[PDB]
């Protein structure tokens, strides 16, 4: 039971409203959610197909998303991800505070901050 579970419906709502025929931001982001310092759930934010889906726990790549296809990955506490998703903080602020680990293209998360704020 994650705080993040409480906000998934609202995020799916916002994804459903994105226009499908004029696509410009199509990154694949892996998100590894922590509770008490260990990864307890992993999800993919798939901006190509515009979906969020659960993946195998803590994995680096999958058959559908091989390594060369993943743009960036973030390890983040469940509570902090819920705060970003509810627009109470940003990825930029969490990076400034040392609260997250990001591999791959860090700029993808900073750009996501900017796109999400208008949605």
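Positions refer to the first chain, counted from 1.
Student: Can you let me know which of the two, 109-117 or 3-11, has the higher average C-alpha B-factor in the entry?
Tutor: According to the entry, 3-11 carries the higher average C-alpha B-factor.
Student: Could you settle it for me: does 78-86 or 51-59 have the higher average Cα B factor in the PDB entry?
Tutor: Looking at the record's C-alpha B-factors, the answer is 51-59.
Student: Could you look up the Cα B-factor of residue 34 in the entry and say which third of the chain it sits in: lowest, middle or highest?
Tutor: CA B-factor rank for residue 34: middle third.
Student: Place residue 102 in the lowest, middle or highest third of its chain's C-alpha B-factors, as listed in the PDB entry.
Tutor: Tercile = lowest for this residue's CA B-factor.
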